[PDB]
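S.K.: Below is final.csv; it holds CSV, N, CA, C and O atoms.
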chain,number,residue,atom,x,y,z
A,1,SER,N,0.8,-1.2,0.0
A,1,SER,CA,0.0,0.0,0.0
A,1,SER,C,0.9,1.3,0.0
A,1,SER,O,0.6,2.2,-0.7
A,2,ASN,N,1.9,1.3,0.8
A,2,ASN,CA,2.8,2.4,0.8
A,2,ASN,C,3.5,2.6,-0.6
A,2,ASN,O,3.6,3.7,-1.1
A,3,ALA,N,3.9,1.5,-1.2
A,3,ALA,CA,4.5,1.6,-2.5
A,3,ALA,C,3.6,2.2,-3.5
A,3,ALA,O,3.9,3.0,-4.4
A,4,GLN,N,2.3,1.7,-3.5
A,4,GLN,CA,1.3,2.1,-4.5
A,4,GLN,C,1.0,3.6,-4.2
A,4,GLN,O,0.8,4.4,-5.2
A,5,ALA,N,0.9,4.0,-3.0
A,5,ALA,CA,0.6,5.4,-2.7
A,5,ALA,C,1.8,6.3,-3.2
A,5,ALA,O,1.5,7.4,-3.8
A,6,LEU,N,3.0,5.9,-3.0
A,6,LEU,CA,4.1,6.7,-3.4
A,6,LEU,C,4.2,6.8,-4.9
A,6,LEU,O,4.5,7.8,-5.5
A,7,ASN,N,3.9,5.7,-5.6
A,7,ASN,CA,3.8,5.7,-7.1
A,7,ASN,C,2.7,6.6,-7.6
A,7,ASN,O,2.9,7.3,-8.6
A,8,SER,N,1.5,6.5,-7.0
A,8,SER,CA,0.4,7.4,-7.4
A,8,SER,C,0.7,8.8,-7.2
A,8,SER,O,0.3,9.7,-7.9
A,9,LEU,N,1.5,9.1,-6.1
A,9,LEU,CA,1.8,10.5,-5.8
A,9,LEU,C,2.9,11.0,-6.8
A,9,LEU,O,2.9,12.2,-7.3
A,10,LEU,N,3.8,10.1,-7.2
A,10,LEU,CA,4.9,10.5,-8.2
A,10,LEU,C,4.3,10.7,-9.6
A,10,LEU,O,4.7,11.6,-10.3
A,11,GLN,N,3.3,9.9,-9.9
A,11,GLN,CA,2.7,10.0,-11.3
A,11,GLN,C,1.9,11.3,-11.4
A,11,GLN,O,1.4,11.5,-12.6
A,12,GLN,N,1.7,12.0,-10.4
A,12,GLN,CA,1.0,13.3,-10.5
A,12,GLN,C,1.8,14.4,-11.1
A,12,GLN,O,1.3,15.5,-11.4
A,13,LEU,N,3.1,14.2,-11.3
A,13,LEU,CA,4.0,15.2,-11.8
A,13,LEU,C,4.1,15.1,-13.3
A,13,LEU,O,4.9,15.9,-13.9
A,14,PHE,N,3.4,14.2,-14.0
A,14,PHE,CA,3.4,14.1,-15.4
A,14,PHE,C,2.0,14.3,-16.0
A,14,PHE,O,1.7,13.7,-17.1
A,15,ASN,N,1.2,15.1,-15.4
A,15,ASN,CA,-0.2,15.4,-15.9
A,15,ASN,C,-0.3,16.8,-16.3
A,15,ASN,O,0.2,17.7,-15.6
A,16,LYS,N,-0.9,17.1,-17.4
A,16,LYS,CA,-1.0,18.4,-17.9
A,16,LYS,C,-2.0,19.3,-17.1
A,16,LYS,O,-1.8,20.5,-16.9
A,17,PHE,N,-3.1,18.6,-16.5
A,17,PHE,CA,-4.1,19.3,-15.7
A,17,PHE,C,-4.7,20.5,-16.5
A,17,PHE,O,-5.0,21.5,-15.9
A,18,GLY,N,-4.9,20.3,-17.8
A,18,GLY,CA,-5.5,21.3,-18.6
A,18,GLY,C,-4.5,22.3,-19.3
A,18,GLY,O,-4.9,23.2,-20.0
A,19,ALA,N,-3.2,22.1,-19.0
A,19,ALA,CA,-2.2,23.0,-19.5
A,19,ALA,C,-1.8,22.5,-20.9
A,19,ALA,O,-2.4,21.5,-21.4
A,20,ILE,N,-0.7,23.0,-21.5
A,20,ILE,CA,-0.2,22.6,-22.7
A,20,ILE,C,0.9,21.5,-22.6
A,20,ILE,O,1.1,20.8,-23.6
A,21,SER,N,1.5,21.4,-21.5
A,21,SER,CA,2.6,20.5,-21.3
A,21,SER,C,2.7,20.2,-19.8
A,21,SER,O,2.3,21.0,-18.9
A,22,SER,N,3.3,19.1,-19.4
A,22,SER,CA,3.6,18.7,-18.1
A,22,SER,C,5.0,19.1,-17.5
A,22,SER,O,5.3,18.8,-16.4
A,23,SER,N,5.8,19.8,-18.4
A,23,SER,CA,7.1,20.2,-18.0
A,23,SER,C,7.1,21.8,-18.0
A,23,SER,O,6.7,22.4,-19.0
A,24,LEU,N,7.7,22.4,-17.0
A,24,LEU,CA,7.8,23.8,-17.0
A,24,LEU,C,8.9,24.3,-17.9
A,24,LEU,O,8.9,25.5,-18.4
A,25,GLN,N,9.8,23.4,-18.3
A,25,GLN,CA,10.9,23.8,-19.2
A,25,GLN,C,10.3,24.1,-20.6
A,25,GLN,O,10.7,25.1,-21.3
A,26,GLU,N,9.4,23.3,-21.0
A,26,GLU,CA,8.8,23.5,-22.3
A,26,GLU,C,7.9,24.7,-22.4
A,26,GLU,O,7.7,25.3,-23.4
A,27,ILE,N,7.3,25.1,-21.2
A,27,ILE,CA,6.5,26.3,-21.1
A,27,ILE,C,7.3,27.6,-21.1
A,27,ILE,O,7.0,28.5,-21.8
A,28,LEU,N,8.4,27.6,-20.3
A,28,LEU,CA,9.2,28.8,-20.2
A,28,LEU,C,10.2,29.0,-21.3
A,28,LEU,O,10.9,29.9,-21.3
A,29,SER,N,10.2,28.1,-22.3
A,29,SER,CA,11.1,28.2,-23.5
A,29,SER,C,10.3,28.4,-24.8
A,29,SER,O,11.0,28.6,-25.8
A,30,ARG,N,9.0,28.4,-24.8
A,30,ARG,CA,8.2,28.7,-26.0
A,30,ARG,C,7.2,29.7,-25.9
A,30,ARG,O,6.6,30.2,-26.9
A,31,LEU,N,6.8,30.2,-24.7
A,31,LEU,CA,5.7,31.1,-24.5
A,31,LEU,C,6.3,32.4,-23.9
A,31,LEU,O,7.3,32.4,-23.1
A,32,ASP,N,5.7,33.5,-24.2
A,32,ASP,CA,6.1,34.8,-23.7
A,32,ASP,C,5.7,34.9,-22.2
A,32,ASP,O,4.8,34.3,-21.7
A,33,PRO,N,6.5,35.7,-21.4
A,33,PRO,CA,6.2,35.8,-19.9
A,33,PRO,C,4.8,36.2,-19.6
A,33,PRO,O,4.2,35.5,-18.8
A,34,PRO,N,4.3,37.3,-20.2
A,34,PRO,CA,2.9,37.7,-19.7
A,34,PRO,C,1.8,36.7,-20.0
A,34,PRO,O,0.7,36.9,-19.4
A,35,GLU,N,2.0,35.7,-20.8
A,35,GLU,CA,1.0,34.7,-21.1
A,35,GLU,C,1.3,33.4,-20.5
A,35,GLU,O,0.4,32.6,-20.3
A,36,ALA,N,2.6,33.0,-20.4
A,36,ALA,CA,3.0,31.7,-19.9
A,36,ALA,C,2.6,31.5,-18.4
A,36,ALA,O,2.7,30.4,-17.9
A,37,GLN,N,2.2,32.6,-17.7
A,37,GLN,CA,1.8,32.4,-16.3
A,37,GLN,C,0.4,31.8,-16.1
A,37,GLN,O,0.0,31.8,-14.9
A,38,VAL,N,-0.2,31.4,-17.1
A,38,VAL,CA,-1.5,30.8,-17.0
A,38,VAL,C,-1.5,29.3,-16.8
A,38,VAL,O,-2.2,28.7,-16.0
A,39,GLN,N,-0.6,28.6,-17.5
A,39,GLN,CA,-0.5,27.1,-17.4
A,39,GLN,C,0.2,26.7,-16.1
A,39,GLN,O,-0.1,25.7,-15.5
A,40,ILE,N,1.2,27.5,-15.6
A,40,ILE,CA,1.9,27.3,-14.4
A,40,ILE,C,0.9,27.3,-13.2
A,40,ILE,O,1.0,26.6,-12.2
A,41,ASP,N,-0.1,28.2,-13.3
A,41,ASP,CA,-1.1,28.3,-12.3
A,41,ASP,C,-1.9,27.0,-12.2
A,41,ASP,O,-2.2,26.5,-11.1
A,42,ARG,N,-2.4,26.5,-13.3
A,42,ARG,CA,-3.1,25.2,-13.3
A,42,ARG,C,-2.3,24.1,-12.8
A,42,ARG,O,-2.8,23.3,-12.0
A,43,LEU,N,-1.0,24.0,-13.2
A,43,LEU,CA,-0.1,23.0,-12.7
A,43,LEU,C,0.0,23.1,-11.2
A,43,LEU,O,0.0,22.0,-10.5
A,44,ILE,N,0.2,24.3,-10.7
A,44,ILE,CA,0.4,24.4,-9.2
A,44,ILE,C,-0.9,24.0,-8.5
A,44,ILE,O,-0.8,23.4,-7.5
A,45,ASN,N,-2.0,24.4,-9.0
A,45,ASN,CA,-3.3,24.1,-8.4
A,45,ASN,C,-3.5,22.6,-8.4
A,45,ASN,O,-3.9,22.0,-7.3
A,46,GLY,N,-3.2,21.9,-9.5
A,46,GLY,CA,-3.4,20.4,-9.5
A,46,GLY,C,-2.4,19.7,-8.5
A,46,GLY,O,-2.8,18.8,-7.8
A,47,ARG,N,-1.2,20.2,-8.5
A,47,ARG,CA,-0.2,19.5,-7.6
A,47,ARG,C,-0.5,19.8,-6.2
A,47,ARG,O,-0.4,18.9,-5.3
A,48,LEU,N,-1.0,21.0,-5.8
A,48,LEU,CA,-1.4,21.3,-4.5
A,48,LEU,C,-2.6,20.4,-4.1
A,48,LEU,O,-2.8,20.0,-2.9
B,1,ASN,N,15.7,34.6,-49.3
B,1,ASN,CA,15.0,34.4,-48.0
B,1,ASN,C,13.6,33.7,-48.2
B,1,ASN,O,12.6,34.0,-47.5
B,2,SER,N,13.6,32.8,-49.2
B,2,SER,CA,12.3,32.0,-49.4
B,2,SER,C,12.7,30.7,-50.0
B,2,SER,O,13.2,30.6,-51.2
B,3,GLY,N,12.6,29.6,-49.2
B,3,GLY,CA,12.9,28.3,-49.7
B,3,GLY,C,13.1,27.3,-48.5
B,3,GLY,O,13.0,27.7,-47.4
B,4,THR,N,13.3,26.1,-48.9
B,4,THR,CA,13.5,25.0,-47.9
B,4,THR,C,15.0,24.6,-47.8
B,4,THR,O,15.4,24.3,-46.7
B,5,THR,N,15.7,24.6,-48.9
B,5,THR,CA,17.1,24.3,-48.8
B,5,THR,C,17.9,25.4,-48.2
B,5,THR,O,18.3,26.4,-48.8
B,6,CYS,N,18.1,25.3,-46.8
B,6,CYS,CA,18.8,26.4,-46.1
B,6,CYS,C,20.3,26.1,-45.9
B,6,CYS,O,20.8,25.1,-46.5
B,7,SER,N,20.9,26.9,-45.1
B,7,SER,CA,22.4,26.7,-44.8
B,7,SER,C,22.6,26.4,-43.4
B,7,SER,O,22.0,27.0,-42.5
B,8,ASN,N,23.4,25.3,-43.1
B,8,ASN,CA,23.6,24.9,-41.8
B,8,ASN,C,24.8,25.7,-41.2
B,8,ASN,O,25.3,26.7,-41.8
B,9,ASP,N,25.3,25.2,-40.0
B,9,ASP,CA,26.4,25.9,-39.3
B,9,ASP,C,26.2,27.3,-39.0
B,9,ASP,O,27.1,28.1,-39.1
B,10,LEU,N,24.9,27.7,-38.8
B,10,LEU,CA,24.6,29.1,-38.5
B,10,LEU,C,24.6,29.3,-37.0
B,10,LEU,O,25.3,30.2,-36.5
B,11,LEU,N,23.7,28.6,-36.3
B,11,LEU,CA,23.7,28.7,-34.8
B,11,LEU,C,23.4,27.4,-34.1
B,11,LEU,O,23.2,27.5,-32.9
B,12,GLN,N,23.3,26.3,-34.8
B,12,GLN,CA,22.9,25.0,-34.1
B,12,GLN,C,24.0,24.0,-34.5
B,12,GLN,O,23.7,23.1,-35.3
B,13,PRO,N,25.2,24.0,-33.9
B,13,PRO,CA,26.2,23.0,-34.2
B,13,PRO,C,26.0,21.7,-33.4
B,13,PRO,O,25.2,21.7,-32.4
B,14,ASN,N,26.7,20.7,-33.8
B,14,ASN,CA,26.6,19.4,-33.1
B,14,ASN,C,27.9,19.3,-32.2
B,14,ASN,O,29.0,19.4,-32.7
B,15,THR,N,27.6,19.1,-30.9
B,15,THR,CA,28.7,19.0,-29.9
B,15,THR,C,28.9,17.5,-29.5
B,15,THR,O,28.2,16.6,-29.8
B,16,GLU,N,30.0,17.3,-28.7
B,16,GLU,CA,30.3,16.0,-28.2
B,16,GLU,C,29.5,15.7,-27.0
B,16,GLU,O,28.9,16.6,-26.4
B,17,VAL,N,29.6,14.5,-26.6
B,17,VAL,CA,28.8,14.0,-25.4
B,17,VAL,C,29.8,14.0,-24.2
B,17,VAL,O,31.0,13.6,-24.3
B,18,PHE,N,29.3,14.4,-23.0
B,18,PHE,CA,30.1,14.4,-21.8
B,18,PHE,C,29.6,13.3,-20.9
B,18,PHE,O,28.5,12.8,-21.0
B,19,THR,N,30.5,12.8,-20.0
B,19,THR,CA,30.1,11.7,-19.1
B,19,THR,C,30.5,12.1,-17.6
B,19,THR,O,31.3,13.0,-17.4
B,20,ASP,N,29.9,11.4,-16.7
B,20,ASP,CA,30.2,11.6,-15.2
B,20,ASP,C,29.8,12.9,-14.7
B,20,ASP,O,30.1,13.3,-13.6
B,21,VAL,N,29.1,13.7,-15.5
B,21,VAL,CA,28.6,15.0,-15.0
B,21,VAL,C,27.2,15.2,-15.7
B,21,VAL,O,27.0,15.0,-16.9
B,22,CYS,N,26.2,15.6,-14.8
B,22,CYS,CA,24.9,15.9,-15.3
B,22,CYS,C,24.8,17.2,-16.0
B,22,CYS,O,25.2,18.2,-15.5
B,23,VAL,N,24.3,17.2,-17.3
B,23,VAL,CA,24.2,18.4,-18.1
B,23,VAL,C,22.8,18.5,-18.6
B,23,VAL,O,21.9,17.6,-18.5
B,24,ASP,N,22.5,19.6,-19.3
B,24,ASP,CA,21.2,19.8,-19.9
B,24,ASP,C,21.3,19.4,-21.4
B,24,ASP,O,22.1,19.9,-22.1
B,25,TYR,N,20.4,18.5,-21.8
B,25,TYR,CA,20.5,17.9,-23.1
B,25,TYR,C,19.1,18.2,-23.8
B,25,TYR,O,18.1,18.2,-23.2
B,26,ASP,N,19.2,18.3,-25.1
B,26,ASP,CA,18.0,18.4,-26.0
B,26,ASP,C,18.2,17.4,-27.1
B,26,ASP,O,18.8,17.6,-28.1
B,27,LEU,N,17.5,16.2,-26.9
B,27,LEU,CA,17.6,15.0,-27.7
B,27,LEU,C,16.3,14.8,-28.5
B,27,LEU,O,15.4,14.2,-27.9
B,28,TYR,N,16.2,15.3,-29.7
B,28,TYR,CA,15.1,15.1,-30.6
B,28,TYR,C,13.8,15.7,-30.0
B,28,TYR,O,12.7,15.2,-30.2
B,29,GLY,N,13.9,16.8,-29.2
B,29,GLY,CA,12.8,17.4,-28.6
B,29,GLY,C,12.5,16.9,-27.2
B,29,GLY,O,11.3,16.5,-26.9
B,30,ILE,N,13.5,16.9,-26.3
B,30,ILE,CA,13.3,16.4,-24.9
B,30,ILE,C,13.5,17.6,-23.9
B,30,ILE,O,12.7,17.9,-23.1
B,31,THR,N,14.7,18.2,-24.0
B,31,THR,CA,15.1,19.3,-23.1
B,31,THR,C,15.0,18.9,-21.7
B,31,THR,O,14.3,19.4,-20.9
B,32,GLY,N,15.9,17.9,-21.4
B,32,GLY,CA,16.0,17.4,-20.0
B,32,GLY,C,17.3,17.6,-19.4
B,32,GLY,O,18.2,18.2,-20.0
B,33,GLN,N,17.6,17.1,-18.2
B,33,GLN,CA,18.8,17.2,-17.5
B,33,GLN,C,19.2,15.9,-16.9
B,33,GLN,O,18.3,15.1,-16.4
B,34,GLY,N,20.5,15.5,-16.9
B,34,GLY,CA,20.9,14.3,-16.3
B,34,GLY,C,22.4,13.9,-16.7
B,34,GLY,O,23.0,14.6,-17.5
B,35,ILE,N,22.8,12.9,-16.1
B,35,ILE,CA,24.2,12.4,-16.3
B,35,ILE,C,24.2,11.3,-17.5
B,35,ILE,O,23.1,10.9,-17.8
B,36,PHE,N,25.3,11.0,-18.0
B,36,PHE,CA,25.4,10.0,-19.1
B,36,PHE,C,26.5,9.0,-18.7
B,36,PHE,O,27.5,9.3,-18.0
B,37,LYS,N,26.3,7.8,-19.1
B,37,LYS,CA,27.3,6.7,-18.9
B,37,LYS,C,27.6,6.1,-20.3
B,37,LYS,O,27.3,6.6,-21.3
B,38,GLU,N,28.4,5.0,-20.2
B,38,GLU,CA,28.9,4.3,-21.5
B,38,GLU,C,28.7,2.8,-21.3
B,38,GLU,O,29.6,2.0,-21.6
B,39,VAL,N,27.5,2.4,-21.0
B,39,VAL,CA,27.2,1.0,-20.9
B,39,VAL,C,26.8,0.4,-22.3
B,39,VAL,O,26.0,1.0,-23.0
B,40,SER,N,27.5,-0.7,-22.6
B,40,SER,CA,27.4,-1.2,-24.0
B,40,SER,C,26.3,-2.3,-24.0
B,40,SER,O,26.3,-3.3,-23.2
B,41,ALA,N,25.3,-2.1,-24.8
B,41,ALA,CA,24.2,-3.1,-25.0
B,41,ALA,C,23.6,-2.9,-26.3
B,41,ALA,O,23.5,-1.8,-26.9
B,42,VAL,N,23.2,-4.0,-26.9
B,42,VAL,CA,22.7,-4.1,-28.3
B,42,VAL,C,21.2,-4.5,-28.3
B,42,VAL,O,20.9,-5.7,-28.2
B,43,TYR,N,20.3,-3.5,-28.3
B,43,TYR,CA,18.9,-3.8,-28.4
B,43,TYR,C,18.2,-2.8,-29.3
B,43,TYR,O,17.0,-2.9,-29.5
B,44,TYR,N,18.9,-1.9,-30.0
B,44,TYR,CA,18.3,-0.9,-30.8
B,44,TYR,C,18.2,-1.4,-32.2
B,44,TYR,O,18.8,-2.4,-32.6
B,45,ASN,N,17.3,-0.8,-33.0
B,45,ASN,CA,17.1,-1.1,-34.4
B,45,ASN,C,17.5,0.1,-35.3
B,45,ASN,O,18.1,1.1,-34.8
B,46,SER,N,17.3,-0.1,-36.6
B,46,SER,CA,17.7,1.0,-37.5
B,46,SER,C,16.9,2.3,-37.4
B,46,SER,O,17.3,3.4,-37.7
B,47,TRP,N,15.6,2.1,-36.8
B,47,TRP,CA,14.7,3.2,-36.7
B,47,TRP,C,14.5,3.6,-35.2
B,47,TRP,O,13.8,4.6,-35.0
B,48,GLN,N,15.2,2.9,-34.3
B,48,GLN,CA,15.0,3.2,-32.9
B,48,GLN,C,16.2,4.0,-32.3
B,48,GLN,O,17.3,3.6,-32.5
Now that the file is in, can you turn its structure into C-alpha cells?
M.R.:
Amino acid sequence: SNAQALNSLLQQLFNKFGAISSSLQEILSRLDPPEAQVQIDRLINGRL
Amino acid sequence: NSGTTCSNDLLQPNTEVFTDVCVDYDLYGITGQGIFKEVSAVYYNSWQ
C-alpha cells in the first residue's frame, strides 16, 4: 500500500491538468512571460 | 529568403557528449537534464 501510494503521488508530476505540457521547461522556453503564467497556475493548483 | 534548402552551421552546431557530469540535453525534442554513462548493450534497431 505504501509503494502504491508513493507511485500514485509520483505519477501526479506528469499530468497536464488542462495546460499545454507537463514540464515547466517546455512552457518557459516557448511562451512569452505575460501569457505563460496561465499554465503554471493550473499545474500548481493540480499539484497542491 | 524564401525556400526549404537552407544553410547549416549558423547557430545550431553538433557537440560532443560528456560523461560523469549531469548536463542539460536536447535530444530530438526532450530538453531534459541528467548524467550520461557508457554501458554497452545491443537492443536498438535502424529506426529506434
S.K.: DSSP on the backbone, then: every residue of chain A marked alpha helix (DSSP H), written as a list in words.
M.R.: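 Reading the DSSP output for chain A, alpha helix (DSSP H) covers residues 2, 3, 4, 5, 6, 7, 8, 9, 10, 24, 25, 26, 27, 33, 34, 35, 36, 39, 40, 41, 42, 43, 44, 45, 46 and 47 of chain A.
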S.K.: Would you mind listing, as a list in words, all residues of chain A that have at least one atom within 8 Å of chain B, where only N, CA, C and O atoms are what counts?
M.R.: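 Taken together, these residues fit the definition: residues 23, 24, 25 and 26 of chain A.
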S.K.: Determine, counting only C-alpha atoms, which protein, DNA and RNA residues have an atom within 12 Å of an atom of residue 36 (chain B); residues of the same chain fewer than 6 positions away are not included. Present the result as JSON, numbers by chain.
M.R.: {"B": [16, 17, 18, 19, 20, 21, 22, 23, 24, 25]}
S.K.: Skipping near chain neighbours, those fewer than 4 positions away, what residues fall within 5 Å of residue 22 (chain A) using only N, CA, C and O atoms, listed as a short mmCIF file (atom, residue, chain, number, x, y, z; two decimals) with N, CA, C and O atoms, in the coordinates of the input?
M.R.:
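Done, and the output landed in part08.cif:
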data_model
loop_
_atom_site.label_atom_id
_atom_site.label_comp_id
_atom_site.auth_asym_id
_atom_site.auth_seq_id
_atom_site.Cartn_x
_atom_site.Cartn_y
_atom_site.Cartn_z
N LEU A 13 3.10 14.20 -11.30
CA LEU A 13 4.00 15.20 -11.80
C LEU A 13 4.10 15.10 -13.30
O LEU A 13 4.90 15.90 -13.90
N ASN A 15 1.20 15.10 -15.40
CA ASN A 15 -0.20 15.40 -15.90
C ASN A 15 -0.30 16.80 -16.30
O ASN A 15 0.20 17.70 -15.60
N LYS A 16 -0.90 17.10 -17.40
CA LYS A 16 -1.00 18.40 -17.90
C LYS A 16 -2.00 19.30 -17.10
O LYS A 16 -1.80 20.50 -16.90
#
S.K.: Find the distance between CA of residue 46 (chain A) and CA of residue 9 (chain A) and write it in Å to one decimal.
M.R.: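 Value for the CA of residue 46 (chain A)-CA of residue 9 (chain A) distance: 11.8 Å.
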S.K.: Residues of chain B classed as strand (DSSP E) by DSSP on the backbone are to be reported as a PyMOL selection string.
M.R.: chain B and resi 23-25+32-34
S.K.: What does the distance between CA of residue 35 (chain A) and CA of residue 11 (chain B) come to in Å, to one decimal place?
M.R.: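 Between CA of residue 35 (chain A) and CA of residue 11 (chain B) the gap works out to 27.2 Å.
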S.K.: Which distance in Å separates atom N of residue 18 (chain A) and atom C of residue 43 (chain A), to one decimal?
M.R.: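 We find that atom N of residue 18 (chain A) and atom C of residue 43 (chain A) lie 8.7 Å from each other.
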S.K.: Can you write region 8-20 of chain A from the block above with N, CA and C atoms, as a compact mmCIF listing (two decimals), in the first residue's frame?
M.R.:
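The file below, out09.txt, is the result:
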# COMPACT_ATOMS: atom_id res chain seq x y z
N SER A 8 1.55 6.51 -6.98
CA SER A 8 0.44 7.36 -7.41
C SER A 8 0.74 8.83 -7.16
N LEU A 9 1.46 9.14 -6.08
CA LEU A 9 1.84 10.52 -5.83
C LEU A 9 2.90 11.00 -6.82
N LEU A 10 3.83 10.11 -7.19
CA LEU A 10 4.86 10.49 -8.16
C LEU A 10 4.27 10.68 -9.56
N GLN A 11 3.28 9.87 -9.93
CA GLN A 11 2.68 9.98 -11.25
C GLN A 11 1.87 11.26 -11.44
N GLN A 12 1.66 12.04 -10.38
CA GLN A 12 0.95 13.31 -10.48
C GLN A 12 1.81 14.42 -11.09
N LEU A 13 3.11 14.19 -11.26
CA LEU A 13 4.02 15.18 -11.81
C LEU A 13 4.12 15.12 -13.33
N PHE A 14 3.38 14.23 -13.98
CA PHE A 14 3.41 14.08 -15.43
C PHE A 14 2.02 14.27 -16.04
N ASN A 15 1.18 15.07 -15.39
CA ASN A 15 -0.17 15.35 -15.87
C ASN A 15 -0.27 16.82 -16.26
N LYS A 16 -0.94 17.08 -17.38
CA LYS A 16 -1.05 18.45 -17.88
C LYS A 16 -2.03 19.27 -17.05
N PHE A 17 -3.08 18.64 -16.54
CA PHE A 17 -4.10 19.31 -15.73
C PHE A 17 -4.73 20.48 -16.49
N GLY A 18 -4.94 20.30 -17.79
CA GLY A 18 -5.52 21.33 -18.62
C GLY A 18 -4.53 22.28 -19.26
N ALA A 19 -3.24 22.14 -18.96
CA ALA A 19 -2.22 23.01 -19.53
C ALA A 19 -1.79 22.46 -20.89
N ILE A 20 -0.73 23.04 -21.45
CA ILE A 20 -0.23 22.58 -22.74
C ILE A 20 0.88 21.54 -22.62
